[PDB]
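K.L.:
Provided herewith: input29.cif, mmCIF, N, CA and C atoms and all ligand atoms.
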data_final
#
loop_
_atom_site.label_atom_id
_atom_site.label_comp_id
_atom_site.auth_asym_id
_atom_site.auth_seq_id
_atom_site.Cartn_x
_atom_site.Cartn_y
_atom_site.Cartn_z
N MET X 1 152.98 95.40 100.39
CA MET X 1 154.14 96.26 100.03
C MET X 1 154.77 96.89 101.26
N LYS X 2 155.90 97.56 101.07
CA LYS X 2 156.60 98.21 102.17
C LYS X 2 156.51 99.73 102.05
N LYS X 3 156.33 100.40 103.19
CA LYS X 3 156.23 101.85 103.22
C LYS X 3 157.05 102.43 104.37
N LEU X 4 157.42 103.70 104.25
CA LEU X 4 158.19 104.37 105.29
C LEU X 4 157.80 105.84 105.38
N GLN X 5 157.33 106.26 106.55
CA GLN X 5 156.89 107.64 106.75
C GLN X 5 157.92 108.48 107.50
N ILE X 6 157.87 109.78 107.27
CA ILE X 6 158.75 110.75 107.90
C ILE X 6 157.97 112.04 108.10
N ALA X 7 158.15 112.72 109.23
CA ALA X 7 157.47 113.99 109.45
C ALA X 7 158.52 115.03 109.82
N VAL X 8 158.38 116.27 109.38
CA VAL X 8 159.37 117.28 109.72
C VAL X 8 158.71 118.64 109.92
N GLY X 9 159.33 119.49 110.71
CA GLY X 9 158.76 120.80 110.96
C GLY X 9 159.78 121.90 111.16
N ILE X 10 159.48 123.05 110.58
CA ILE X 10 160.33 124.23 110.72
C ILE X 10 159.87 124.99 111.96
N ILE X 11 160.76 125.19 112.93
CA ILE X 11 160.37 125.88 114.15
C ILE X 11 160.41 127.40 114.02
N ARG X 12 159.22 127.98 114.02
CA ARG X 12 159.07 129.43 113.89
C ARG X 12 159.29 130.11 115.23
N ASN X 13 159.81 131.34 115.19
CA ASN X 13 160.01 132.12 116.41
C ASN X 13 159.49 133.56 116.26
N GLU X 14 159.77 134.35 117.29
CA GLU X 14 159.37 135.75 117.35
C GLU X 14 159.78 136.52 116.11
N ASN X 15 161.06 136.45 115.82
CA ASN X 15 161.66 137.16 114.69
C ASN X 15 161.06 136.77 113.33
N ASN X 16 160.30 135.68 113.29
CA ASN X 16 159.70 135.20 112.04
C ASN X 16 160.70 134.35 111.25
N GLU X 17 161.81 134.04 111.90
CA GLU X 17 162.84 133.19 111.32
C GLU X 17 162.77 131.88 112.09
N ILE X 18 162.99 130.74 111.44
CA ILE X 18 162.83 129.48 112.15
C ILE X 18 164.15 128.80 112.52
N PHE X 19 164.23 128.46 113.80
CA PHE X 19 165.40 127.80 114.39
C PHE X 19 165.66 126.43 113.74
N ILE X 20 166.58 126.40 112.78
CA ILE X 20 166.93 125.16 112.11
C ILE X 20 168.27 124.65 112.64
N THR X 21 168.32 123.37 112.99
CA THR X 21 169.55 122.78 113.51
C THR X 21 170.59 122.65 112.41
N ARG X 22 171.66 123.44 112.51
CA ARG X 22 172.73 123.41 111.51
C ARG X 22 174.08 123.68 112.15
N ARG X 23 175.12 123.06 111.61
CA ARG X 23 176.48 123.23 112.12
C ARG X 23 176.55 123.00 113.62
N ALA X 24 176.29 124.05 114.38
CA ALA X 24 176.31 124.01 115.84
C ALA X 24 177.72 124.16 116.38
N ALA X 25 178.52 125.00 115.72
CA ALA X 25 179.89 125.24 116.13
C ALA X 25 180.69 123.94 116.22
N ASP X 26 181.19 123.48 115.08
CA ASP X 26 181.97 122.25 115.03
C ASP X 26 181.17 121.07 115.57
N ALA X 27 180.42 120.41 114.69
CA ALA X 27 179.61 119.27 115.08
C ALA X 27 179.92 118.06 114.20
N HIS X 28 179.05 117.05 114.25
CA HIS X 28 179.24 115.84 113.46
C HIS X 28 179.36 116.17 111.98
N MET X 29 178.35 116.84 111.44
CA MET X 29 178.35 117.22 110.02
C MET X 29 177.67 118.57 109.82
N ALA X 30 178.29 119.42 109.00
CA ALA X 30 177.75 120.74 108.72
C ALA X 30 176.55 120.66 107.77
N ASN X 31 176.31 119.47 107.22
CA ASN X 31 175.19 119.27 106.30
C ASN X 31 173.97 118.73 107.04
N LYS X 32 173.83 119.12 108.31
CA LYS X 32 172.70 118.67 109.12
C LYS X 32 171.71 119.79 109.37
N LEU X 33 171.68 120.75 108.46
CA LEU X 33 170.77 121.89 108.57
C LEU X 33 169.32 121.45 108.37
N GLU X 34 168.86 120.52 109.20
CA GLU X 34 167.50 120.01 109.11
C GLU X 34 166.67 120.40 110.32
N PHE X 35 165.41 119.99 110.32
CA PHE X 35 164.49 120.30 111.40
C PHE X 35 163.95 119.03 112.07
N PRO X 36 163.28 119.18 113.23
CA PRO X 36 162.67 118.07 113.97
C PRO X 36 161.83 117.17 113.06
N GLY X 37 161.42 116.01 113.56
CA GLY X 37 160.62 115.12 112.74
C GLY X 37 161.38 113.94 112.17
N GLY X 38 161.90 113.14 113.06
CA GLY X 38 162.64 111.95 112.68
C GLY X 38 162.26 110.75 113.53
N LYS X 39 161.53 109.79 112.94
CA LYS X 39 161.07 108.58 113.63
C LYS X 39 159.58 108.66 113.95
N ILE X 40 158.86 109.53 113.25
CA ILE X 40 157.42 109.66 113.47
C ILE X 40 156.71 108.40 113.00
N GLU X 41 157.24 107.85 111.93
CA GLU X 41 156.70 106.64 111.32
C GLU X 41 156.37 105.59 112.38
N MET X 42 157.38 104.82 112.79
CA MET X 42 157.20 103.78 113.80
C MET X 42 155.94 102.96 113.53
N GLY X 43 154.82 103.37 114.12
CA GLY X 43 153.57 102.66 113.93
C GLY X 43 152.36 103.47 114.35
N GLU X 44 152.50 104.79 114.30
CA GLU X 44 151.42 105.69 114.68
C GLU X 44 150.62 106.11 113.45
N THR X 45 149.78 107.14 113.61
CA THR X 45 148.97 107.64 112.51
C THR X 45 149.64 108.86 111.88
N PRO X 46 149.29 109.20 110.63
CA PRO X 46 149.87 110.35 109.94
C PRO X 46 149.97 111.58 110.84
N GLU X 47 149.09 111.65 111.84
CA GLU X 47 149.09 112.77 112.77
C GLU X 47 149.70 112.38 114.12
N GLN X 48 149.25 111.25 114.67
CA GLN X 48 149.74 110.79 115.97
C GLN X 48 151.18 110.28 115.89
N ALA X 49 151.74 110.23 114.69
CA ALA X 49 153.11 109.77 114.52
C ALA X 49 154.09 110.90 114.80
N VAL X 50 153.80 112.08 114.26
CA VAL X 50 154.64 113.24 114.48
C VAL X 50 154.37 113.87 115.84
N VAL X 51 153.13 113.81 116.29
CA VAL X 51 152.76 114.39 117.58
C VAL X 51 153.70 113.90 118.68
N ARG X 52 154.13 112.65 118.58
CA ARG X 52 155.02 112.07 119.58
C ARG X 52 156.46 112.54 119.38
N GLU X 53 156.82 112.78 118.13
CA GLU X 53 158.15 113.27 117.80
C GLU X 53 158.21 114.77 118.07
N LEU X 54 157.09 115.42 117.81
CA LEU X 54 156.99 116.87 117.96
C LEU X 54 157.57 117.25 119.31
N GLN X 55 157.14 116.55 120.34
CA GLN X 55 157.62 116.80 121.70
C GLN X 55 159.00 116.17 121.91
N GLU X 56 159.28 115.11 121.16
CA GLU X 56 160.56 114.41 121.25
C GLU X 56 161.66 115.18 120.55
N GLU X 57 161.28 116.03 119.61
CA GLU X 57 162.24 116.82 118.84
C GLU X 57 162.20 118.29 119.24
N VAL X 58 161.42 118.61 120.27
CA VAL X 58 161.31 119.98 120.76
C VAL X 58 161.40 119.98 122.28
N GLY X 59 160.69 119.04 122.89
CA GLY X 59 160.69 118.91 124.34
C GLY X 59 159.96 120.02 125.05
N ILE X 60 160.15 121.23 124.57
CA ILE X 60 159.52 122.40 125.16
C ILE X 60 158.06 122.48 124.74
N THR X 61 157.41 123.57 125.14
CA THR X 61 156.02 123.80 124.83
C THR X 61 155.89 124.95 123.83
N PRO X 62 155.93 124.65 122.52
CA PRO X 62 155.88 125.65 121.48
C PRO X 62 154.58 125.65 120.69
N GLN X 63 154.18 126.83 120.22
CA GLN X 63 153.00 126.92 119.38
C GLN X 63 153.42 126.38 118.03
N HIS X 64 153.45 125.06 117.95
CA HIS X 64 153.90 124.36 116.76
C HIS X 64 152.83 123.41 116.25
N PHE X 65 152.52 123.53 114.96
CA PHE X 65 151.51 122.69 114.34
C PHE X 65 151.31 123.10 112.89
N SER X 66 150.31 122.51 112.24
CA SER X 66 149.99 122.81 110.85
C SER X 66 150.96 122.13 109.92
N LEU X 67 150.52 121.87 108.69
CA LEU X 67 151.35 121.22 107.69
C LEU X 67 151.60 122.14 106.50
N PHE X 68 152.86 122.55 106.32
CA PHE X 68 153.21 123.44 105.23
C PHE X 68 153.22 122.67 103.90
N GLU X 69 153.73 121.45 103.95
CA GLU X 69 153.80 120.60 102.76
C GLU X 69 154.22 119.18 103.13
N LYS X 70 153.90 118.23 102.26
CA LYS X 70 154.26 116.84 102.49
C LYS X 70 154.63 116.19 101.16
N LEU X 71 155.75 115.46 101.12
CA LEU X 71 156.15 114.82 99.88
C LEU X 71 155.75 113.35 99.84
N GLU X 72 154.87 113.05 98.90
CA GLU X 72 154.35 111.70 98.74
C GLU X 72 154.78 111.07 97.42
N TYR X 73 155.68 110.10 97.54
CA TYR X 73 156.20 109.37 96.39
C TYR X 73 156.40 107.90 96.75
N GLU X 74 156.02 107.01 95.85
CA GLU X 74 156.16 105.57 96.11
C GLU X 74 157.12 104.92 95.12
N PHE X 75 158.15 104.29 95.66
CA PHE X 75 159.15 103.61 94.86
C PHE X 75 158.80 102.12 94.74
N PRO X 76 159.41 101.42 93.77
CA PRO X 76 159.18 99.99 93.52
C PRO X 76 158.92 99.19 94.79
N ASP X 77 157.69 99.26 95.27
CA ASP X 77 157.25 98.55 96.48
C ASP X 77 157.51 99.37 97.74
N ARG X 78 158.72 99.91 97.85
CA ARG X 78 159.09 100.71 99.02
C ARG X 78 158.69 102.17 98.83
N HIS X 79 157.58 102.56 99.46
CA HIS X 79 157.09 103.92 99.37
C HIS X 79 157.62 104.78 100.51
N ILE X 80 157.70 106.08 100.28
CA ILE X 80 158.17 107.02 101.28
C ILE X 80 157.17 108.16 101.44
N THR X 81 157.00 108.64 102.67
CA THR X 81 156.07 109.72 102.93
C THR X 81 156.70 110.76 103.85
N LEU X 82 156.83 111.99 103.36
CA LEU X 82 157.42 113.06 104.16
C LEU X 82 156.40 114.17 104.42
N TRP X 83 156.03 114.34 105.69
CA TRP X 83 155.06 115.37 106.06
C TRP X 83 155.74 116.53 106.78
N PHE X 84 155.59 117.73 106.24
CA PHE X 84 156.18 118.92 106.85
C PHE X 84 155.11 119.68 107.64
N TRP X 85 155.42 120.02 108.89
CA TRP X 85 154.47 120.75 109.74
C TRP X 85 154.90 122.20 109.92
N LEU X 86 154.05 123.14 109.50
CA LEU X 86 154.42 124.55 109.59
C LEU X 86 154.25 125.11 111.01
N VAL X 87 155.37 125.16 111.72
CA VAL X 87 155.42 125.66 113.10
C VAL X 87 155.28 127.16 113.17
N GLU X 88 154.66 127.64 114.23
CA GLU X 88 154.46 129.07 114.38
C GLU X 88 155.27 129.70 115.52
N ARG X 89 155.51 128.98 116.62
CA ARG X 89 156.25 129.57 117.74
C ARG X 89 156.77 128.50 118.70
N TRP X 90 157.71 128.89 119.56
CA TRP X 90 158.26 127.98 120.55
C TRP X 90 158.71 128.72 121.81
N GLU X 91 158.22 128.27 122.97
CA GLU X 91 158.57 128.90 124.24
C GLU X 91 159.95 128.46 124.70
N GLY X 92 160.65 129.36 125.39
CA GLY X 92 161.98 129.05 125.88
C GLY X 92 162.93 128.65 124.76
N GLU X 93 163.55 127.48 124.90
CA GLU X 93 164.48 126.99 123.89
C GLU X 93 164.09 125.59 123.42
N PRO X 94 164.22 125.30 122.11
CA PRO X 94 163.89 124.00 121.55
C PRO X 94 164.97 122.97 121.86
N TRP X 95 164.57 121.83 122.40
CA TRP X 95 165.54 120.80 122.73
C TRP X 95 165.11 119.42 122.24
N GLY X 96 163.99 118.95 122.77
CA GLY X 96 163.48 117.63 122.40
C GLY X 96 164.58 116.60 122.22
N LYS X 97 165.00 116.39 120.98
CA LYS X 97 166.04 115.43 120.65
C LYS X 97 166.19 115.30 119.13
N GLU X 98 166.14 116.43 118.44
CA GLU X 98 166.26 116.45 116.99
C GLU X 98 167.72 116.33 116.54
N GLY X 99 168.59 117.16 117.11
CA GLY X 99 169.99 117.12 116.74
C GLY X 99 170.81 118.23 117.36
N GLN X 100 171.76 118.76 116.59
CA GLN X 100 172.63 119.83 117.06
C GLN X 100 171.91 121.17 117.07
N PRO X 101 171.78 121.78 118.26
CA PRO X 101 171.11 123.08 118.43
C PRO X 101 171.48 124.09 117.35
N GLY X 102 170.46 124.64 116.70
CA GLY X 102 170.67 125.63 115.65
C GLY X 102 170.27 127.03 116.09
N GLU X 103 170.47 128.01 115.21
CA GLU X 103 170.12 129.39 115.51
C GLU X 103 168.90 129.84 114.70
N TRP X 104 168.20 130.86 115.19
CA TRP X 104 167.01 131.37 114.50
C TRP X 104 167.40 131.94 113.13
N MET X 105 167.06 131.22 112.07
CA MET X 105 167.39 131.67 110.71
C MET X 105 166.13 131.85 109.86
N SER X 106 166.19 132.82 108.95
CA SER X 106 165.05 133.12 108.07
C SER X 106 164.80 132.00 107.08
N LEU X 107 163.62 131.40 107.17
CA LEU X 107 163.24 130.30 106.27
C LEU X 107 163.03 130.80 104.84
N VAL X 108 162.84 132.11 104.68
CA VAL X 108 162.61 132.71 103.37
C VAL X 108 163.62 132.22 102.33
N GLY X 109 164.76 131.72 102.79
CA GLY X 109 165.77 131.24 101.87
C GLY X 109 166.54 130.05 102.41
N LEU X 110 165.82 129.00 102.78
CA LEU X 110 166.44 127.79 103.31
C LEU X 110 167.34 127.14 102.27
N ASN X 111 168.38 126.45 102.73
CA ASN X 111 169.33 125.80 101.82
C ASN X 111 169.24 124.28 101.88
N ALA X 112 168.79 123.68 100.78
CA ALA X 112 168.67 122.23 100.68
C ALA X 112 170.05 121.58 100.58
N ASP X 113 171.06 122.39 100.26
CA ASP X 113 172.43 121.90 100.13
C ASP X 113 173.06 121.72 101.51
N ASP X 114 172.87 122.71 102.37
CA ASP X 114 173.43 122.67 103.72
C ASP X 114 172.67 121.70 104.62
N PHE X 115 171.49 121.26 104.17
CA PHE X 115 170.69 120.34 104.95
C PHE X 115 170.77 118.93 104.37
N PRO X 116 170.38 117.90 105.14
CA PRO X 116 170.43 116.51 104.68
C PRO X 116 169.68 116.30 103.37
N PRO X 117 170.30 115.60 102.40
CA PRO X 117 169.68 115.33 101.10
C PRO X 117 168.48 114.39 101.20
N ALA X 118 168.35 113.72 102.34
CA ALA X 118 167.25 112.79 102.56
C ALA X 118 165.91 113.50 102.51
N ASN X 119 165.92 114.80 102.80
CA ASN X 119 164.70 115.59 102.80
C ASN X 119 164.69 116.58 101.62
N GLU X 120 165.72 116.50 100.78
CA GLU X 120 165.83 117.39 99.62
C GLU X 120 164.60 117.34 98.71
N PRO X 121 163.97 116.16 98.54
CA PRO X 121 162.80 116.03 97.66
C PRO X 121 161.77 117.15 97.80
N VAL X 122 161.36 117.43 99.03
CA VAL X 122 160.37 118.48 99.27
C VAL X 122 161.00 119.86 99.22
N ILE X 123 162.06 120.04 100.00
CA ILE X 123 162.76 121.32 100.07
C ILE X 123 163.31 121.72 98.71
N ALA X 124 163.61 120.74 97.89
CA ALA X 124 164.12 121.01 96.55
C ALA X 124 163.14 121.89 95.80
N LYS X 125 161.88 121.46 95.80
CA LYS X 125 160.83 122.17 95.09
C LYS X 125 160.77 123.64 95.51
N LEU X 126 160.78 123.88 96.81
CA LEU X 126 160.73 125.25 97.32
C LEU X 126 162.10 125.92 97.22
N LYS X 127 163.12 125.22 97.71
CA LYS X 127 164.48 125.73 97.69
C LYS X 127 164.86 126.21 96.30
N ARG X 128 164.42 125.46 95.30
CA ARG X 128 164.70 125.81 93.92
C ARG X 128 164.05 127.15 93.57
N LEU X 129 163.22 127.66 94.49
CA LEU X 129 162.55 128.94 94.27
C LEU X 129 163.51 130.10 94.54
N1 LIG W 1 166.54 101.14 104.72
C1 LIG W 1 165.48 101.43 105.49
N2 LIG W 1 165.29 102.75 105.91
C2 LIG W 1 164.14 102.95 106.72
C3 LIG W 1 163.27 101.94 107.08
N3 LIG W 1 162.30 102.50 107.85
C4 LIG W 1 162.50 103.85 108.01
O1 LIG W 1 161.78 104.67 108.67
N4 LIG W 1 163.64 104.11 107.31
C5 LIG W 1 164.20 105.48 107.23
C6 LIG W 1 163.26 106.58 106.74
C7 LIG W 1 163.39 107.78 107.67
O2 LIG W 1 163.77 108.96 106.96
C8 LIG W 1 164.41 107.41 108.75
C9 LIG W 1 163.83 107.51 110.16
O3 LIG W 1 164.81 107.16 111.14
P1 LIG W 1 165.48 105.70 111.13
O4 LIG W 1 166.51 105.66 110.07
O5 LIG W 1 166.22 105.66 112.56
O6 LIG W 1 164.40 104.69 111.13
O7 LIG W 1 164.91 106.15 108.28
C10 LIG W 1 163.54 100.70 106.62
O8 LIG W 1 162.75 99.75 106.95
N5 LIG W 1 164.64 100.40 105.83
MG MG W 2 162.69 110.97 117.04
#
Spit out the file's structure as structure tokens when you get a sec.
Ligand SMILES: Nc1nc2c([nH]c(=O)n2[C@H]2C[C@H](O)[C@@H](COP(=O)(O)O)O2)c(=O)[nH]1
Ligand SMILES: [Mg+2]

P.N.:
Amino acid sequence: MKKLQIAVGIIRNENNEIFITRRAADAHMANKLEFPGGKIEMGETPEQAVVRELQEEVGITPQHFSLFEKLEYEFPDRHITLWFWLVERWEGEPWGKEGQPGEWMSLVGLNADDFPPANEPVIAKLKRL
């Protein structure tokens, strides 16, 4: 069968709000309010897959780790796996290569609408809260 993995993480900061890449003052799309963790799949392990993206989507040296939640669902042969890593802190500024630089925003009320629907499955459950 065919499978496809994805890993994502909310970058926590001092303020306790997590820097989510969104808008970025006139960018490609305002619906890109997502976080690092794109291309972890490739051919690594559930852990060693994101570990490589973690630095690729942050670049800096942040106290980032742990898994807040992961969405596991398998479609007609083509299965999908989304692993969310609960980040705690980040030194300097996050760069890596996730997307359009975002601002430190409170995760207490993340918006699945303003963010890519590709990750809505997991965020939906919480966002709906
Ligand atoms: N249609 C299609 N989408 C895929 C495949 N593999 C794969 O990771 N994806 C998806 C799932 C991920 O959310 C995202 C990761 O970045 P890419 O699109 O660049 O591979 O794309 C695939 O073989 N076919
Ligand atoms: Mg990547």

K.L.:
I'd like a table as a tab-separated table: residues in chain X with an atom no more than 12 Å from ligand LIG 1 (chain W), each row giving the shortest atom pair and its distance in Å to one decimal, only C-alpha atoms and all ligand atoms counted, sorted by chain and rising residue number.

P.N.:
residue	atom	partner	partner_atom	distance
X:1	CA	W:LIG1	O8	11.6
X:2	CA	W:LIG1	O8	7.9
X:3	CA	W:LIG1	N3	7.7
X:4	CA	W:LIG1	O1	4.9
X:5	CA	W:LIG1	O1	6.0
X:6	CA	W:LIG1	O2	5.4
X:7	CA	W:LIG1	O2	8.4
X:8	CA	W:LIG1	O2	9.8
X:34	CA	W:LIG1	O2	11.9
X:36	CA	W:LIG1	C9	11.3
X:37	CA	W:LIG1	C9	8.7
X:38	CA	W:LIG1	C9	5.2
X:39	CA	W:LIG1	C9	4.6
X:40	CA	W:LIG1	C9	7.5
X:41	CA	W:LIG1	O1	6.1
X:42	CA	W:LIG1	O1	6.9
X:43	CA	W:LIG1	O1	10.0
X:49	CA	W:LIG1	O1	11.6
X:50	CA	W:LIG1	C9	11.7
X:53	CA	W:LIG1	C9	11.1
X:71	CA	W:LIG1	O2	11.9
X:77	CA	W:LIG1	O8	11.9
X:78	CA	W:LIG1	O8	8.8
X:79	CA	W:LIG1	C6	10.0
X:80	CA	W:LIG1	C6	7.5
X:81	CA	W:LIG1	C6	8.7
X:82	CA	W:LIG1	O2	8.1
X:83	CA	W:LIG1	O2	10.9
X:98	CA	W:LIG1	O3	11.1
X:116	CA	W:LIG1	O2	10.3
X:117	CA	W:LIG1	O2	10.5
X:118	CA	W:LIG1	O2	6.8
X:119	CA	W:LIG1	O2	7.9
X:120	CA	W:LIG1	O2	11.4
X:121	CA	W:LIG1	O2	11.7

K.L.:
Residues within 7 Å of (150.0, 115.5, 106.2), file coordinates, counting all atoms listed in the file: what are they? Give the list as a ChimeraX atom specification.

P.N.:
/X:46-47,67,69-70,82-84

K.L.:
Using only N, CA and C atoms, which of the listed residues (X:95, X:72, X:33, X:22) sits closest to residue 122 in chain X?

P.N.:
X:72

K.L.:
Mind checking which residues fall within 8 Å of residue 25 in chain X, counting all atoms listed in the file, ignoring those fewer than 4 positions away in the same chain, and posting them as a CSV table (one decimal) with N, CA and C atoms, in the coordinates of the input?

P.N.:
chain,number,residue,atom,x,y,z
X,100,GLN,N,171.8,118.8,116.6
X,100,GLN,CA,172.6,119.8,117.1
X,100,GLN,C,171.9,121.2,117.1
X,101,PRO,N,171.8,121.8,118.3
X,101,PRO,CA,171.1,123.1,118.4
X,101,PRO,C,171.5,124.1,117.4
X,102,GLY,N,170.5,124.6,116.7
X,102,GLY,CA,170.7,125.6,115.6
X,102,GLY,C,170.3,127.0,116.1

K.L.:
Give the answer as one residue: which of X:108, X:57, X:31, X:87 has the shortest atom-to-atom distance to ligand MG 2 (chain W), using all atoms listed in the file?

P.N.:
X:57

K.L.:
Which polymer residues have any atom within 7 Å of an atom of residue 10 in chain X, counting only N, CA and C atoms, with same-chain residues fewer than 4 positions away left out, as an MDAnalysis selection string?

P.N.:
chainID X and resid 18:20 35:36 84:88

K.L.:
To one decimal in Å, tell me the separation between atom N of residue 74 in chain X and atom C of residue 21 in chain X.

P.N.:
27.0 Å

K.L.:
Using the partial input, fill out range 1-19 of chain X with N, CA, C and O atoms; write the result as a PDB file, in the coordinates of the input.

P.N.:
ATOM      1  N   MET X   1     152.980  95.400 100.390  1.00  0.00           N
ATOM      2  CA  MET X   1     154.140  96.260 100.030  1.00  0.00           C
ATOM      3  C   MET X   1     154.770  96.890 101.260  1.00  0.00           C
ATOM      4  O   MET X   1     154.237  96.779 102.370  1.00  0.00           O
ATOM      5  N   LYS X   2     155.900  97.560 101.070  1.00  0.00           N
ATOM      6  CA  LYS X   2     156.600  98.210 102.170  1.00  0.00           C
ATOM      7  C   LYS X   2     156.510  99.730 102.050  1.00  0.00           C
ATOM      8  O   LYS X   2     156.600 100.286 100.958  1.00  0.00           O
ATOM      9  N   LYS X   3     156.330 100.400 103.190  1.00  0.00           N
ATOM     10  CA  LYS X   3     156.230 101.850 103.220  1.00  0.00           C
ATOM     11  C   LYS X   3     157.050 102.430 104.370  1.00  0.00           C
ATOM     12  O   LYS X   3     157.344 101.732 105.341  1.00  0.00           O
ATOM     13  N   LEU X   4     157.420 103.700 104.250  1.00  0.00           N
ATOM     14  CA  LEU X   4     158.190 104.370 105.290  1.00  0.00           C
ATOM     15  C   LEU X   4     157.800 105.840 105.380  1.00  0.00           C
ATOM     16  O   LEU X   4     157.907 106.579 104.404  1.00  0.00           O
ATOM     17  N   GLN X   5     157.330 106.260 106.550  1.00  0.00           N
ATOM     18  CA  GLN X   5     156.890 107.640 106.750  1.00  0.00           C
ATOM     19  C   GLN X   5     157.920 108.480 107.500  1.00  0.00           C
ATOM     20  O   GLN X   5     158.730 107.959 108.275  1.00  0.00           O
ATOM     21  N   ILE X   6     157.870 109.780 107.270  1.00  0.00           N
ATOM     22  CA  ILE X   6     158.750 110.750 107.900  1.00  0.00           C
ATOM     23  C   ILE X   6     157.970 112.040 108.100  1.00  0.00           C
ATOM     24  O   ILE X   6     157.224 112.452 107.207  1.00  0.00           O
ATOM     25  N   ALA X   7     158.150 112.720 109.230  1.00  0.00           N
ATOM     26  CA  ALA X   7     157.470 113.990 109.450  1.00  0.00           C
ATOM     27  C   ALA X   7     158.520 115.030 109.820  1.00  0.00           C
ATOM     28  O   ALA X   7     159.460 114.691 110.509  1.00  0.00           O
ATOM     29  N   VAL X   8     158.380 116.270 109.380  1.00  0.00           N
ATOM     30  CA  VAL X   8     159.370 117.280 109.720  1.00  0.00           C
ATOM     31  C   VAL X   8     158.710 118.640 109.920  1.00  0.00           C
ATOM     32  O   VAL X   8     157.633 118.892 109.378  1.00  0.00           O
ATOM     33  N   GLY X   9     159.330 119.490 110.710  1.00  0.00           N
ATOM     34  CA  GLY X   9     158.760 120.800 110.960  1.00  0.00           C
ATOM     35  C   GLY X   9     159.780 121.900 111.160  1.00  0.00           C
ATOM     36  O   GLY X   9     160.779 121.717 111.853  1.00  0.00           O
ATOM     37  N   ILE X  10     159.480 123.050 110.580  1.00  0.00           N
ATOM     38  CA  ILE X  10     160.330 124.230 110.720  1.00  0.00           C
ATOM     39  C   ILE X  10     159.870 124.990 111.960  1.00  0.00           C
ATOM     40  O   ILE X  10     158.712 125.367 112.038  1.00  0.00           O
ATOM     41  N   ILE X  11     160.760 125.190 112.930  1.00  0.00           N
ATOM     42  CA  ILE X  11     160.370 125.880 114.150  1.00  0.00           C
ATOM     43  C   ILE X  11     160.410 127.400 114.020  1.00  0.00           C
ATOM     44  O   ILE X  11     161.464 128.010 113.922  1.00  0.00           O
ATOM     45  N   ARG X  12     159.220 127.980 114.020  1.00  0.00           N
ATOM     46  CA  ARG X  12     159.070 129.430 113.890  1.00  0.00           C
ATOM     47  C   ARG X  12     159.290 130.110 115.230  1.00  0.00           C
ATOM     48  O   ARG X  12     158.937 129.567 116.281  1.00  0.00           O
ATOM     49  N   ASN X  13     159.810 131.340 115.190  1.00  0.00           N
ATOM     50  CA  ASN X  13     160.010 132.120 116.410  1.00  0.00           C
ATOM     51  C   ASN X  13     159.490 133.560 116.260  1.00  0.00           C
ATOM     52  O   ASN X  13     158.868 133.919 115.264  1.00  0.00           O
ATOM     53  N   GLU X  14     159.770 134.350 117.290  1.00  0.00           N
ATOM     54  CA  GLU X  14     159.370 135.750 117.350  1.00  0.00           C
ATOM     55  C   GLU X  14     159.780 136.520 116.110  1.00  0.00           C
ATOM     56  O   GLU X  14     158.972 137.188 115.461  1.00  0.00           O
ATOM     57  N   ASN X  15     161.060 136.450 115.820  1.00  0.00           N
ATOM     58  CA  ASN X  15     161.660 137.160 114.690  1.00  0.00           C
ATOM     59  C   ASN X  15     161.060 136.770 113.330  1.00  0.00           C
ATOM     60  O   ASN X  15     161.312 137.445 112.334  1.00  0.00           O
ATOM     61  N   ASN X  16     160.300 135.680 113.290  1.00  0.00           N
ATOM     62  CA  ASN X  16     159.700 135.200 112.040  1.00  0.00           C
ATOM     63  C   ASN X  16     160.700 134.350 111.250  1.00  0.00           C
ATOM     64  O   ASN X  16     160.444 133.937 110.119  1.00  0.00           O
ATOM     65  N   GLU X  17     161.810 134.040 111.900  1.00  0.00           N
ATOM     66  CA  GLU X  17     162.840 133.190 111.320  1.00  0.00           C
ATOM     67  C   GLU X  17     162.770 131.880 112.090  1.00  0.00           C
ATOM     68  O   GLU X  17     162.411 131.886 113.255  1.00  0.00           O
ATOM     69  N   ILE X  18     162.990 130.740 111.440  1.00  0.00           N
ATOM     70  CA  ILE X  18     162.830 129.480 112.150  1.00  0.00           C
ATOM     71  C   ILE X  18     164.150 128.800 112.520  1.00  0.00           C
ATOM     72  O   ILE X  18     165.041 128.613 111.702  1.00  0.00           O
ATOM     73  N   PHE X  19     164.230 128.460 113.800  1.00  0.00           N
ATOM     74  CA  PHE X  19     165.400 127.800 114.390  1.00  0.00           C
ATOM     75  C   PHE X  19     165.660 126.430 113.740  1.00  0.00           C
ATOM     76  O   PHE X  19     165.056 125.431 114.115  1.00  0.00           O
TER      77      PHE X  19
END
